[PDB]
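Below is one structure, written out as structure tokens; the observations come after it.
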Amino acid sequence: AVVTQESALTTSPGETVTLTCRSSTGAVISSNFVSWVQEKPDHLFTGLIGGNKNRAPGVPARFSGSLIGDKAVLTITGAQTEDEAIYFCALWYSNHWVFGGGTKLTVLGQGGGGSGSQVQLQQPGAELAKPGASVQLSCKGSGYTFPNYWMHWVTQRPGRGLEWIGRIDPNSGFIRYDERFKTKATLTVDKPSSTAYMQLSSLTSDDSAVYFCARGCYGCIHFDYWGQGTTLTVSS
Ligand SMILES: O=C(O)CNC(=O)Cc1ccc(O)c([N+](=O)[O-])c1
């Protein structure tokens, strides 16, 4: 399954912009349970929509989402200068998430207009590791009841886009891995320290990338809050 978005769109402050997201099946359906997330510079992600149409609490009213004409659509009614960002949609395909390629939204024109965090996920900024070794990545959640949400892990590099690695449910113990990462990643959690861990084993040069944790929950706003990302460098 391949998820397609407009590569770029240009708007101005005060205009209404629609961003679209199509499935290679020919239709985005309700069970794809779509999230929309926004990336700003220094790979700073925020979730905007979950469950196809639910605006995440705290997200401004100018954002809305729904399924229309066999696609998923995010609408910004009255774009603001600060909405310049990369917007990604994420679709659930029964046992894995797939991200679109992202839409770079440029907002050109008069700044200064528009309408104006409990949850934090803390990740170390960087890790350096040698080939053939393993590395542990950590993600400490604060400001919510940590075991009651799942933790997703996602990776990003330019050219490859965003790739979902897997998720862990602290209260059930159930873990899902994407097929691409099933032998590379191991997910664990420690409830007393409110920390989720990802081990990457048998490191190679191909593993250098940014690795994020992001909260999720069945039927709720997947990818609502994200860590800042850990940049892993595998030495030569
Ligand atoms: O269809 C609905 O009402 C709710 N759907 C969802 O929340 C999407 C979903 C479902 C199962 C599952 O195991 C994962 N996951 O991320 O592992 C995500």
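My numbering numbers the first residue of the sequence shown as 18 and each following residue consecutively. Where is the CB? At the ideal position from N, CA and C, for every residue including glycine.
Residues bridged to residue i (per DSSP)
| i | result |
| --- | --- |
| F229 | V171 |
| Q55 | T63, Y104 |
| residue 285 | Coverage of the chain is limited to positions 18 through 253, which leaves residue 285 absent and any answer about it impossible. |
| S81 | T92 |
| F116 | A107 |
| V136 | According to DSSP, which records beta bridges pairwise, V136 is partnered with nothing at all. |
Residues near residue i in its chain [Cβ-Cβ closer than 8 Å; skip 5 each side]
| i | result |
| --- | --- |
| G43 | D87 |
| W181 | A107, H113, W114, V115, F116, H169, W170, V171, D195 |
| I192 | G183, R184, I185, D186, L204 |
| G128 | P30, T98 |
| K201 | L217, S218, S219, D224 |
Whole-number beta carbon distance between residue j and residue i, since they are thought to touch under 8 Å
| i | j | result |
| --- | --- | --- |
| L249 | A213 | The pair is not a contact, with the Cβ atoms about 16 Å apart (cut-off 8 Å). |
| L125 | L36 | About 16 Å separates the two Cβ atoms, so there is no contact after all. |
| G67 | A73 | 6 Å |
| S52 | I238 | 7 Å |
| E32 | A96 | 5 Å |
| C230 | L138 | 5 Å |
| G142 | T247 | 7 Å |
Cβ-based neighbour list, residue i, same chain, cut-off 6 Å, excluding 5 preceding and 5 following
| i | result |
| --- | --- |
| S155 | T212, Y214 |
| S41 | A18, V19 |
| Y161 | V136 |
| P164 | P187, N188, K208 |
| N49 | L108, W109 |
| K70 | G82, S83 |
| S159 | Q137 |
Sequence-ordered residues whose beta carbon comes within less than 6 Å of a heavy atom of ligand 1: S48, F50, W109, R184, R193, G233, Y235, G236
Counting only runs of 3+ residues fully inside the segment 139-175, write out the beta strand (DSSP E) ranges in chain order. 143-146, 152-159, 167-174
Whole beta strand (DSSP E) elements within the segment 21-50, 3-residue minimum: 25-28, 33-40
Any chance you could list the beta strand (DSSP E) runs of at least 3 consecutive residues sitting entirely within the segment 178-219, in chain order? 178-185, 192-194, 202-207, 212-217
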